[PDB]
file final30.cif (mmCIF, C-alpha atoms and all ligand atoms)
data_start
loop_
_atom_site.group_PDB
_atom_site.id
_atom_site.type_symbol
_atom_site.label_atom_id
_atom_site.label_comp_id
_atom_site.auth_asym_id
_atom_site.auth_seq_id
_atom_site.Cartn_x
_atom_site.Cartn_y
_atom_site.Cartn_z
ATOM 1 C CA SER S 1 0.000 0.000 0.000
ATOM 2 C CA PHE S 2 2.935 2.286 -0.648
ATOM 3 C CA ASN S 3 2.969 5.964 -1.584
ATOM 4 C CA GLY S 4 1.742 8.307 -2.705
ATOM 5 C CA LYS S 5 -1.614 6.730 -1.763
ATOM 6 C CA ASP S 6 -2.737 3.562 -0.104
ATOM 7 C CA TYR S 7 -3.237 0.729 -2.552
ATOM 8 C CA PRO S 8 -4.976 -2.507 -1.632
ATOM 9 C CA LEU S 9 -2.546 -5.382 -2.103
ATOM 10 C CA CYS S 10 -4.421 -8.278 -3.666
ATOM 11 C CA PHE S 11 -4.002 -12.021 -3.432
ATOM 12 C CA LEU S 12 -5.214 -14.697 -5.788
ATOM 13 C CA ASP S 13 -5.724 -18.428 -5.286
ATOM 14 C CA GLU S 14 -3.274 -21.124 -6.265
ATOM 15 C CA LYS S 15 -5.842 -21.827 -8.984
ATOM 16 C CA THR S 16 -4.478 -18.765 -10.816
ATOM 17 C CA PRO S 17 -3.548 -19.794 -14.366
ATOM 18 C CA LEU S 18 -0.099 -19.312 -15.822
ATOM 19 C CA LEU S 19 0.270 -17.971 -19.349
ATOM 20 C CA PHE S 20 3.003 -18.559 -21.902
ATOM 21 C CA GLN S 21 3.014 -17.347 -25.472
ATOM 22 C CA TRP S 22 4.899 -18.445 -28.564
ATOM 23 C CA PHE S 23 4.568 -16.503 -31.792
ATOM 24 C CA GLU S 24 6.457 -18.051 -34.699
ATOM 25 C CA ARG S 25 6.942 -16.173 -37.954
ATOM 26 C CA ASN S 26 8.650 -19.309 -39.328
ATOM 27 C CA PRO S 27 6.862 -22.574 -38.627
ATOM 28 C CA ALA S 28 8.984 -24.275 -41.311
ATOM 29 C CA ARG S 29 12.050 -24.162 -39.017
ATOM 30 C CA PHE S 30 10.717 -27.096 -37.003
ATOM 31 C CA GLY S 31 9.578 -30.469 -38.290
ATOM 32 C CA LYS S 32 6.049 -31.182 -39.436
ATOM 33 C CA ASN S 33 5.151 -33.692 -36.705
ATOM 34 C CA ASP S 34 6.716 -32.133 -33.595
ATOM 35 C CA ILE S 35 6.146 -29.064 -31.440
ATOM 36 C CA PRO S 36 6.655 -25.654 -33.095
ATOM 37 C CA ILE S 37 7.991 -24.283 -29.792
ATOM 38 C CA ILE S 38 11.700 -23.595 -29.792
ATOM 39 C CA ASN S 39 14.123 -25.249 -27.368
ATOM 40 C CA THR S 40 17.649 -24.697 -28.638
ATOM 41 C CA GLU S 41 20.369 -25.748 -26.223
ATOM 42 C CA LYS S 42 20.942 -21.989 -25.999
ATOM 43 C CA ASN S 43 17.237 -21.324 -25.309
ATOM 44 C CA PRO S 44 15.277 -24.403 -23.979
ATOM 45 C CA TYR S 45 11.958 -22.528 -23.979
ATOM 46 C CA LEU S 46 9.607 -25.467 -24.569
ATOM 47 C CA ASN S 47 11.525 -27.386 -21.897
ATOM 48 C CA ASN S 48 10.916 -24.495 -19.474
ATOM 49 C CA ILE S 49 7.168 -24.518 -20.189
ATOM 50 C CA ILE S 50 7.217 -28.274 -19.541
ATOM 51 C CA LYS S 51 9.154 -27.914 -16.259
ATOM 52 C CA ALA S 52 6.817 -25.234 -14.928
ATOM 53 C CA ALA S 53 3.746 -27.372 -15.633
ATOM 54 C CA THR S 54 4.926 -30.300 -13.665
ATOM 55 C CA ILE S 55 5.570 -28.361 -10.559
ATOM 56 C CA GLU S 56 2.347 -26.430 -10.291
ATOM 57 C CA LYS S 57 0.243 -29.351 -11.337
ATOM 58 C CA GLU S 58 -2.681 -27.843 -9.481
ATOM 59 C CA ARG S 59 -2.409 -24.633 -11.461
ATOM 60 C CA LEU S 60 -3.491 -24.226 -15.045
ATOM 61 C CA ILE S 61 -0.794 -23.434 -17.597
ATOM 62 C CA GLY S 62 -1.749 -21.953 -20.954
ATOM 63 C CA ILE S 63 0.239 -21.310 -24.114
ATOM 64 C CA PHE S 64 -0.783 -18.575 -26.547
ATOM 65 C CA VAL S 65 0.457 -19.409 -30.042
ATOM 66 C CA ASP S 66 0.080 -17.998 -33.540
ATOM 67 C CA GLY S 67 1.534 -18.557 -36.983
ATOM 68 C CA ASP S 68 0.668 -20.676 -40.015
ATOM 69 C CA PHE S 69 1.369 -24.119 -38.572
ATOM 70 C CA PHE S 70 1.415 -27.441 -40.440
ATOM 71 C CA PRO S 71 -1.171 -29.987 -39.207
ATOM 72 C CA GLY S 72 1.308 -32.392 -37.615
ATOM 73 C CA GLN S 73 2.557 -29.469 -35.548
ATOM 74 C CA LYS S 74 -1.061 -28.911 -34.474
ATOM 75 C CA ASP S 75 -1.423 -32.664 -33.946
ATOM 76 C CA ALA S 76 1.785 -32.379 -31.905
ATOM 77 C CA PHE S 77 0.232 -29.645 -29.750
ATOM 78 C CA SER S 78 -2.871 -31.801 -29.318
ATOM 79 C CA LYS S 79 -0.667 -34.613 -27.987
ATOM 80 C CA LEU S 80 0.949 -32.442 -25.277
ATOM 81 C CA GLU S 81 -2.536 -31.578 -23.996
ATOM 82 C CA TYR S 82 -3.010 -35.319 -23.479
ATOM 83 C CA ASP S 83 0.434 -35.624 -21.860
ATOM 84 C CA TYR S 84 -0.384 -32.929 -19.276
ATOM 85 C CA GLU S 85 -3.938 -32.054 -18.227
ATOM 86 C CA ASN S 86 -2.658 -28.793 -16.720
ATOM 87 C CA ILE S 87 -1.357 -27.527 -20.093
ATOM 88 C CA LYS S 88 -3.737 -25.729 -22.454
ATOM 89 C CA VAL S 89 -2.652 -24.332 -25.828
ATOM 90 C CA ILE S 90 -4.699 -21.405 -27.164
ATOM 91 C CA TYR S 91 -4.431 -19.993 -30.687
ATOM 92 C CA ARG S 92 -4.937 -16.398 -31.738
ATOM 93 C CA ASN S 93 -7.417 -17.586 -34.393
ATOM 94 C CA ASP S 94 -9.731 -18.993 -31.690
ATOM 95 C CA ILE S 95 -10.148 -15.816 -29.609
ATOM 96 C CA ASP S 96 -12.364 -12.859 -30.399
ATOM 97 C CA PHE S 97 -10.385 -9.636 -30.004
ATOM 98 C CA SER S 98 -12.851 -7.272 -31.681
ATOM 99 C CA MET S 99 -13.849 -5.397 -28.528
ATOM 100 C CA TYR S 100 -10.304 -4.079 -28.077
ATOM 101 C CA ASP S 101 -10.078 -2.831 -31.664
ATOM 102 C CA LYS S 102 -9.980 0.699 -33.022
ATOM 103 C CA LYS S 103 -9.729 1.193 -36.779
ATOM 104 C CA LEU S 104 -6.527 2.818 -38.019
ATOM 105 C CA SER S 105 -8.306 5.612 -39.864
ATOM 106 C CA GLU S 106 -9.932 7.029 -36.733
ATOM 107 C CA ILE S 107 -6.681 7.052 -34.751
ATOM 108 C CA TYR S 108 -5.071 9.293 -37.379
ATOM 109 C CA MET S 109 -8.068 11.572 -37.869
ATOM 110 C CA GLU S 110 -8.480 12.239 -34.147
ATOM 111 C CA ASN S 111 -4.752 13.073 -34.083
ATOM 112 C CA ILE S 112 -5.133 15.285 -37.169
ATOM 113 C CA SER S 113 -8.208 17.066 -35.770
ATOM 114 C CA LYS S 114 -6.463 17.590 -32.417
ATOM 115 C CA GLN S 115 -3.344 18.807 -34.213
ATOM 116 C CA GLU S 116 -5.439 21.074 -36.460
ATOM 117 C CA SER S 117 -7.107 22.826 -33.501
ATOM 118 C CA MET S 118 -3.891 24.537 -32.375
ATOM 119 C CA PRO S 119 -2.534 27.271 -34.686
ATOM 120 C CA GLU S 120 -0.080 26.701 -37.541
ATOM 121 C CA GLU S 121 2.851 27.801 -35.358
ATOM 122 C CA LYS S 122 1.980 25.470 -32.457
ATOM 123 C CA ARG S 123 1.125 22.361 -34.498
ATOM 124 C CA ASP S 124 3.519 19.456 -34.787
ATOM 125 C CA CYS S 125 4.403 19.823 -38.455
ATOM 126 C CA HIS S 126 6.345 16.580 -39.097
ATOM 127 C CA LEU S 127 3.714 14.581 -37.195
ATOM 128 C CA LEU S 128 0.938 15.941 -39.390
ATOM 129 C CA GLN S 129 2.882 14.977 -42.496
ATOM 130 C CA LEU S 130 3.310 11.442 -41.135
ATOM 131 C CA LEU S 131 -0.364 11.246 -40.160
ATOM 132 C CA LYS S 132 -1.811 12.284 -43.512
ATOM 133 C CA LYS S 133 0.676 10.100 -45.409
ATOM 134 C CA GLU S 134 -0.154 7.157 -43.132
ATOM 135 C CA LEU S 135 -3.892 7.804 -43.611
ATOM 136 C CA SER S 136 -3.604 7.713 -47.402
ATOM 137 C CA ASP S 137 -1.273 4.685 -47.576
ATOM 138 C CA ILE S 138 -2.993 2.591 -44.883
ATOM 139 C CA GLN S 139 -6.221 3.005 -46.859
ATOM 140 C CA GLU S 140 -5.267 0.037 -49.057
ATOM 141 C CA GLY S 141 -7.067 -3.121 -47.943
ATOM 142 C CA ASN S 142 -8.167 -3.200 -44.300
ATOM 143 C CA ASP S 143 -7.752 -0.649 -41.476
ATOM 144 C CA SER S 144 -7.774 -2.354 -38.071
ATOM 145 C CA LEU S 145 -5.294 -1.790 -35.269
ATOM 146 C CA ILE S 146 -5.042 -5.568 -34.802
ATOM 147 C CA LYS S 147 -4.491 -6.202 -38.521
ATOM 148 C CA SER S 148 -1.831 -3.498 -38.296
ATOM 149 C CA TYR S 149 0.204 -5.907 -36.139
ATOM 150 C CA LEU S 150 1.608 -8.570 -38.480
ATOM 151 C CA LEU S 151 4.638 -10.851 -38.681
ATOM 152 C CA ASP S 152 6.330 -7.885 -40.339
ATOM 153 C CA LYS S 153 5.911 -5.780 -37.295
ATOM 154 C CA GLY S 154 7.917 -8.693 -35.973
ATOM 155 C CA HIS S 155 8.532 -7.419 -32.514
ATOM 156 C CA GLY S 156 5.155 -5.760 -32.466
ATOM 157 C CA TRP S 157 3.221 -8.901 -33.381
ATOM 158 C CA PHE S 158 3.548 -10.670 -30.016
ATOM 159 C CA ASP S 159 3.966 -7.607 -27.766
ATOM 160 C CA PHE S 160 0.595 -6.231 -28.789
ATOM 161 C CA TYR S 161 -1.060 -9.656 -28.621
ATOM 162 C CA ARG S 162 0.604 -10.209 -25.270
ATOM 163 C CA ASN S 163 -1.482 -7.277 -24.007
ATOM 164 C CA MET S 164 -4.619 -8.574 -25.746
ATOM 165 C CA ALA S 165 -4.212 -11.968 -24.077
ATOM 166 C CA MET S 166 -3.625 -10.472 -20.627
ATOM 167 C CA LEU S 167 -6.681 -8.277 -21.094
ATOM 168 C CA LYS S 168 -8.633 -11.446 -21.650
ATOM 169 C CA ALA S 169 -6.672 -13.136 -18.927
ATOM 170 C CA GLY S 170 -8.714 -15.827 -17.206
ATOM 171 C CA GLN S 171 -11.395 -15.361 -19.716
ATOM 172 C CA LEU S 172 -8.982 -16.589 -22.305
ATOM 173 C CA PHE S 173 -8.913 -20.154 -20.958
ATOM 174 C CA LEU S 174 -12.714 -20.031 -20.681
ATOM 175 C CA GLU S 175 -13.126 -18.512 -24.139
ATOM 176 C CA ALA S 176 -11.187 -21.308 -25.837
ATOM 177 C CA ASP S 177 -13.233 -23.923 -23.891
ATOM 178 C CA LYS S 178 -10.020 -25.548 -22.759
ATOM 179 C CA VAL S 179 -10.896 -28.555 -20.640
ATOM 180 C CA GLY S 180 -9.857 -29.796 -17.202
ATOM 181 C CA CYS S 181 -10.286 -26.201 -15.962
ATOM 182 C CA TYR S 182 -13.076 -26.149 -13.357
ATOM 183 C CA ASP S 183 -11.091 -24.134 -10.795
ATOM 184 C CA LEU S 184 -11.746 -20.591 -11.944
ATOM 185 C CA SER S 185 -14.362 -18.083 -13.006
ATOM 186 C CA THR S 186 -14.765 -15.203 -15.375
ATOM 187 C CA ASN S 187 -13.275 -12.046 -14.014
ATOM 188 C CA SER S 188 -10.332 -14.067 -12.840
ATOM 189 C CA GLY S 189 -6.610 -13.337 -13.101
ATOM 190 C CA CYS S 190 -3.593 -14.876 -14.778
ATOM 191 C CA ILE S 191 0.186 -14.616 -14.776
ATOM 192 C CA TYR S 192 2.270 -14.184 -17.920
ATOM 193 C CA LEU S 193 5.915 -15.193 -17.988
ATOM 194 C CA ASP S 194 8.425 -15.301 -20.797
ATOM 195 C CA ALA S 195 9.819 -18.769 -21.419
ATOM 196 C CA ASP S 196 13.007 -17.086 -20.147
ATOM 197 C CA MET S 197 11.492 -17.668 -16.696
ATOM 198 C CA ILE S 198 12.596 -20.851 -14.923
ATOM 199 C CA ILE S 199 10.550 -21.780 -11.899
ATOM 200 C CA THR S 200 12.317 -23.579 -9.052
ATOM 201 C CA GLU S 201 9.566 -24.376 -6.545
ATOM 202 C CA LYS S 202 5.798 -23.902 -6.656
ATOM 203 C CA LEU S 203 4.980 -20.312 -5.820
ATOM 204 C CA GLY S 204 1.764 -20.336 -3.796
ATOM 205 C CA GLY S 205 -0.315 -17.204 -3.530
ATOM 206 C CA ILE S 206 1.262 -13.797 -4.085
ATOM 207 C CA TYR S 207 0.448 -10.234 -3.043
ATOM 208 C CA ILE S 208 0.526 -7.751 -5.933
ATOM 209 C CA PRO S 209 -0.040 -4.085 -5.487
ATOM 210 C CA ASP S 210 -3.377 -3.275 -7.043
ATOM 211 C CA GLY S 211 -4.026 -6.406 -8.898
ATOM 212 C CA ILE S 212 -1.000 -5.890 -11.058
ATOM 213 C CA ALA S 213 2.744 -6.441 -10.929
ATOM 214 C CA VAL S 214 5.425 -6.591 -13.623
ATOM 215 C CA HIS S 215 9.046 -7.581 -14.122
ATOM 216 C CA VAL S 216 11.740 -5.073 -13.167
ATOM 217 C CA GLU S 217 15.409 -5.172 -14.251
ATOM 218 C CA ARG S 218 18.043 -3.028 -12.500
ATOM 219 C CA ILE S 219 21.201 -2.544 -14.613
ATOM 220 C CA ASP S 220 23.513 -0.680 -14.490
ATOM 221 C CA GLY S 221 22.199 1.269 -11.519
ATOM 222 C CA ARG S 222 18.765 1.881 -13.019
ATOM 223 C CA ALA S 223 15.485 -0.027 -13.179
ATOM 224 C CA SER S 224 12.855 -0.114 -15.930
ATOM 225 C CA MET S 225 9.603 -2.095 -16.085
ATOM 226 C CA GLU S 226 9.844 -5.261 -18.178
ATOM 227 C CA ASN S 227 7.209 -7.382 -19.890
ATOM 228 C CA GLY S 228 8.875 -10.677 -18.997
ATOM 229 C CA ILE S 229 6.462 -10.867 -16.060
ATOM 230 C CA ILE S 230 2.861 -9.658 -16.082
ATOM 231 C CA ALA S 231 0.588 -10.490 -13.144
ATOM 232 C CA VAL S 232 -3.062 -9.420 -13.080
ATOM 233 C CA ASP S 233 -5.810 -9.651 -10.482
ATOM 234 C CA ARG S 234 -8.330 -9.389 -13.177
ATOM 235 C CA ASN S 235 -9.395 -9.697 -16.692
ATOM 236 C CA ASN S 236 -9.459 -6.209 -18.155
ATOM 237 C CA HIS S 237 -7.250 -4.750 -15.472
ATOM 238 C CA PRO S 238 -7.509 -0.928 -15.597
ATOM 239 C CA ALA S 239 -3.735 -0.488 -16.036
ATOM 240 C CA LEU S 240 -3.911 -2.450 -19.293
ATOM 241 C CA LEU S 241 -6.973 -0.606 -20.613
ATOM 242 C CA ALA S 242 -5.201 2.673 -19.878
ATOM 243 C CA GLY S 243 -2.287 1.197 -21.821
ATOM 244 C CA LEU S 244 -4.728 0.226 -24.563
ATOM 245 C CA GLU S 245 -6.073 3.782 -24.431
ATOM 246 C CA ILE S 246 -2.592 4.867 -25.523
ATOM 247 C CA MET S 247 -2.690 2.165 -28.211
ATOM 248 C CA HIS S 248 -5.903 3.755 -29.488
ATOM 249 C CA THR S 249 -4.781 7.385 -29.116
ATOM 250 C CA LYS S 250 -0.994 7.717 -29.497
ATOM 251 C CA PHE S 251 0.379 7.489 -33.019
ATOM 252 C CA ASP S 252 3.154 4.917 -33.544
ATOM 253 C CA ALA S 253 2.783 3.751 -29.934
ATOM 254 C CA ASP S 254 4.850 0.741 -28.925
ATOM 255 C CA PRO S 255 2.790 -1.986 -27.204
ATOM 256 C CA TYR S 256 5.754 -3.008 -25.032
ATOM 257 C CA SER S 257 6.495 0.468 -23.671
ATOM 258 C CA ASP S 258 3.183 2.317 -23.997
ATOM 259 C CA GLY S 259 0.778 -0.561 -23.877
ATOM 260 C CA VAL S 260 1.922 -1.578 -20.479
ATOM 261 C CA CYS S 261 4.678 0.372 -18.886
ATOM 262 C CA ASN S 262 2.987 3.651 -19.629
ATOM 263 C CA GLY S 263 -0.368 2.242 -18.663
ATOM 264 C CA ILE S 264 0.925 1.311 -15.252
ATOM 265 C CA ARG S 265 2.400 4.702 -14.738
ATOM 266 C CA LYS S 266 -0.931 6.161 -15.661
ATOM 267 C CA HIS S 267 -2.786 4.028 -13.220
ATOM 268 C CA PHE S 268 -0.576 4.931 -10.286
ATOM 269 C CA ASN S 269 -0.022 8.524 -11.442
ATOM 270 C CA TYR S 270 3.715 8.126 -11.198
ATOM 271 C CA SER S 271 4.961 11.269 -12.777
ATOM 272 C CA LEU S 272 7.486 12.387 -12.044
ATOM 273 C CA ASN S 273 9.287 12.961 -8.776
ATOM 274 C CA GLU S 274 8.112 10.433 -7.755
ATOM 275 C CA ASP S 275 11.561 8.853 -8.017
ATOM 276 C CA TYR S 276 11.223 5.896 -10.324
ATOM 277 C CA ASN S 277 13.444 3.254 -8.849
ATOM 278 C CA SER S 278 11.357 2.972 -5.672
ATOM 279 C CA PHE S 279 8.198 2.976 -7.802
ATOM 280 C CA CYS S 280 9.753 0.159 -9.807
ATOM 281 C CA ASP S 281 10.370 -1.551 -6.445
ATOM 282 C CA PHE S 282 6.709 -0.947 -5.566
ATOM 283 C CA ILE S 283 5.406 -2.356 -8.857
ATOM 284 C CA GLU S 284 8.075 -5.061 -9.001
ATOM 285 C CA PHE S 285 6.881 -8.620 -9.260
ATOM 286 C CA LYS S 286 9.189 -10.283 -6.717
ATOM 287 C CA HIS S 287 9.753 -13.997 -6.270
ATOM 288 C CA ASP S 288 12.522 -16.206 -4.963
ATOM 289 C CA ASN S 289 11.510 -19.204 -7.073
ATOM 290 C CA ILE S 290 11.909 -17.697 -10.569
ATOM 291 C CA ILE S 291 15.003 -16.937 -12.664
ATOM 292 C CA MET S 292 14.698 -13.923 -14.950
ATOM 293 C CA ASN S 293 15.243 -13.559 -17.736
ATOM 294 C CA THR S 294 17.375 -16.400 -19.036
ATOM 295 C CA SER S 295 17.782 -14.854 -22.473
ATOM 296 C CA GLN S 296 20.065 -12.409 -20.697
ATOM 297 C CA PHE S 297 22.971 -14.793 -20.464
ATOM 298 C CA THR S 298 22.881 -16.457 -23.926
ATOM 299 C CA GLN S 299 21.161 -14.951 -27.072
ATOM 300 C CA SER S 300 17.644 -13.434 -27.203
ATOM 301 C CA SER S 301 15.150 -15.743 -28.875
ATOM 302 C CA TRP S 302 15.172 -13.061 -31.539
ATOM 303 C CA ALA S 303 18.336 -13.923 -33.443
ATOM 304 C CA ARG S 304 21.613 -12.059 -32.777
HETATM 305 O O1 LIG S 401 10.058 -15.941 -31.823
HETATM 306 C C1 LIG S 401 9.581 -15.627 -30.713
HETATM 307 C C2 LIG S 401 10.458 -15.289 -29.693
HETATM 308 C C3 LIG S 401 9.960 -14.954 -28.435
HETATM 309 N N1 LIG S 401 8.643 -14.903 -28.231
HETATM 310 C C4 LIG S 401 8.102 -14.535 -26.910
HETATM 311 O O2 LIG S 401 9.022 -13.750 -26.185
HETATM 312 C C5 LIG S 401 9.496 -14.452 -25.036
HETATM 313 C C6 LIG S 401 11.001 -14.599 -25.093
HETATM 314 O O3 LIG S 401 11.630 -13.494 -25.710
HETATM 315 P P1 LIG S 401 13.131 -13.187 -25.170
HETATM 316 O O4 LIG S 401 12.988 -12.651 -23.786
HETATM 317 O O5 LIG S 401 13.961 -14.420 -25.326
HETATM 318 O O6 LIG S 401 13.740 -11.960 -26.034
HETATM 319 P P2 LIG S 401 14.267 -10.604 -25.312
HETATM 320 O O7 LIG S 401 13.071 -9.824 -24.831
HETATM 321 O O8 LIG S 401 15.222 -11.003 -24.203
HETATM 322 O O9 LIG S 401 14.961 -9.808 -26.404
HETATM 323 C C7 LIG S 401 8.857 -15.824 -25.023
HETATM 324 O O10 LIG S 401 8.228 -16.089 -23.776
HETATM 325 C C8 LIG S 401 7.834 -15.790 -26.129
HETATM 326 O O11 LIG S 401 6.525 -15.727 -25.580
HETATM 327 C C9 LIG S 401 7.760 -15.258 -29.271
HETATM 328 O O12 LIG S 401 6.522 -15.254 -29.070
HETATM 329 N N2 LIG S 401 8.254 -15.599 -30.482
HETATM 330 MN MN MN S 402 14.514 -12.752 -22.490
#
call {"tool": "encode", "arguments": {"input": "final30.cif", "output": "structure tokens"}}
result
Amino acid sequence: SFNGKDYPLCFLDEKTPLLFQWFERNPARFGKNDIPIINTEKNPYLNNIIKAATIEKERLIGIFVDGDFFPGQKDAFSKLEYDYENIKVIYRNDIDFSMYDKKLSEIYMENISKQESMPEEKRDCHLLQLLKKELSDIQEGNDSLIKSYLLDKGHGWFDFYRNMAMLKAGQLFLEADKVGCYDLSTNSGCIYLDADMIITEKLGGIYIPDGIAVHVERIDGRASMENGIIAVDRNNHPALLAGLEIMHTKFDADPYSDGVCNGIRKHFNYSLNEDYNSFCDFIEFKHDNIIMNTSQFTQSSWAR
């Protein structure tokens, strides 16, 4: 309940689901009868998702996947669901995301109109150029903020859908009609981790500040919020909607930074002094049974 105000720390049952996501631009990389989840010796991601499941057998574990997968890879996913009742694998194709949409044309026009109100001296001139050009070009085909996020966004593809999935949260397991899940109810929470996260011992219940907590990394002497960990009390947690509000309003907004980090700041009215590091300590998702993030030591799943 730290400052400025008093915030009700929340606690959610062991029956809180866990969420993993794998978005693969290149399903051809893997074979056509095995799992399209990567586990290089450098980055044993699928192995980490398997290790987590075992431990928290009681808890649900979900995987959010998208890409154009070959049937034997889908058949392979179907097998793992048999192997572990606690694992569910949800596809982007199977979830309605329409409610969270805002068509690209409106975003630009509202920015144009707002920019046009102020006088010619005050207006952002370069921004208006970019807006009108974007409006004319983006016309071709289909104008949806979700459609805007494709494999070619690359980084954007999963980051934005990461926020969509967390917005759905518990509802996501319910929405897919994944089975063996009679623990939880709509308007129930869920925890996202990167496959970078290795889980030593089952975590039990956790107190998070206002129904949300996120990953924090402190190097060299500075901390910034990270999307490796996202914990929510709730489906549709107000910090994410506020982040989505940026997604709907701010031009060229980054889902990683604006969608969440900015949303959280908004919710707790951080700015600005308000020294960050302690605020990062306040928001920080802390646990002694998780290693984070294990891409740090080797090479990020994104090649380099
Ligand atoms: O091709 C990829 C690579 C990564 N990820 C997601 O991003 C996380 C791992 O990214 P990583 O942390 O290794 O990259 P970094 O953020 O360190 O650059 C995983 O949990 C995946 O959910 C993905 O969906 N597709
Ligand atoms: Mn990582």
call {"tool": "residues_near_ligand", "arguments": {"input": "final30.cif", "ligand": "ligand MN 402 (chain S)", "cutoff": "7 Å", "atoms": "all atoms listed in the file", "output": "MDAnalysis selection string"}}
result
chainID S and resid 194 196 228 293:296 300
call {"tool": "residues_near_ligand", "arguments": {"input": "final30.cif", "ligand": "ligand LIG 401 (chain S)", "cutoff": "9 Å", "atoms": "only C-alpha atoms and all ligand atoms", "output": "JSON, numbers by chain"}}
result
{"S": [20, 21, 22, 23, 24, 25, 26, 37, 38, 43, 45, 63, 64, 65, 66, 154, 155, 157, 158, 159, 162, 192, 193, 194, 195, 196, 197, 226, 227, 228, 293, 294, 295, 296, 299, 300, 301, 302, 303]}
call {"tool": "residues_around", "arguments": {"input": "final30.cif", "residues": "residue 161 of chain S", "least_positions_apart": "5", "cutoff": "12 Å", "atoms": "only C-alpha atoms", "output": "ChimeraX atom specification"}}
result
/S:20-23,64-66,91-93,95-97,100-101,145-151,153-156,166-169,244,247,254-256,259-260
call {"tool": "closest_residue", "arguments": {"input": "final30.cif", "among": "S:163, S:249, S:235, S:188", "to": "residue 114 of chain S", "atoms": "only C-alpha atoms"}}
result
S:249
call {"tool": "residues_near_point", "arguments": {"input": "final30.cif", "point": "(-6.1, -32.0, -20.0)", "cutoff": "12 Å", "atoms": "all atoms listed in the file", "output": "PyMOL selection string"}}
result
chain S and resi 53+57-62+77-89+177-182
call {"tool": "resolve_selection", "arguments": {"input": "final30.cif", "expression": "the PyMOL selection byres (((chain S and resi 243) around 8) and not hetatm)", "output": "list in words"}}
result
residues 239, 240, 241, 242, 244, 245, 246, 247, 258, 259, 260, 261, 262, 263 and 264 of chain S
call {"tool": "closest_residue", "arguments": {"input": "final30.cif", "among": "S:233, S:175, S:152, S:120", "to": "residue 187 of chain S", "atoms": "all atoms listed in the file"}}
result
S:233
call {"tool": "resolve_selection", "arguments": {"input": "final30.cif", "expression": "the PyMOL selection byres (((chain S and resi 225) around 9) and not hetatm)", "output": "list in words"}}
result
residues 214, 215, 216, 217, 223, 224, 226, 227, 257, 260, 261, 280, 283 and 284 of chain S
call {"tool": "write_last_selection", "arguments": {"input": "final30.cif", "atoms": "C-alpha atoms", "output": "tab-separated table (two decimals), in the frame of the given file"}}
result
chain	number	residue	atom	x	y	z
S	214	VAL	CA	5.42	-6.59	-13.62
S	215	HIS	CA	9.05	-7.58	-14.12
S	216	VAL	CA	11.74	-5.07	-13.17
S	217	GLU	CA	15.41	-5.17	-14.25
S	223	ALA	CA	15.48	-0.03	-13.18
S	224	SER	CA	12.86	-0.11	-15.93
S	226	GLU	CA	9.84	-5.26	-18.18
S	227	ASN	CA	7.21	-7.38	-19.89
S	257	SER	CA	6.50	0.47	-23.67
S	260	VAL	CA	1.92	-1.58	-20.48
S	261	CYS	CA	4.68	0.37	-18.89
S	280	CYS	CA	9.75	0.16	-9.81
S	283	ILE	CA	5.41	-2.36	-8.86
S	284	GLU	CA	8.07	-5.06	-9.00
call {"tool": "closest_residue", "arguments": {"input": "final30.cif", "among": "S:198, S:2, S:90, S:133", "to": "residue 46 of chain S", "atoms": "all atoms listed in the file"}}
result
S:198
call {"tool": "atom_distance", "arguments": {"input": "final30.cif", "atom1": "atom CA of residue 281 of chain S", "atom2": "atom CA of residue 232 of chain S"}}
result
16.9 Å
call {"tool": "atom_distance", "arguments": {"input": "final30.cif", "atom1": "atom CA of residue 115 of chain S", "atom2": "atom CA of residue 144 of chain S"}}
result
22.0 Å
call {"tool": "atom_distance", "arguments": {"input": "final30.cif", "atom1": "atom CA of residue 135 of chain S", "atom2": "atom CA of residue 109 of chain S"}}
result
8.0 Å
call {"tool": "closest_residue", "arguments": {"input": "final30.cif", "among": "S:183, S:134, S:274, S:252", "to": "residue 15 of chain S", "atoms": "all atoms listed in the file"}}
result
S:183
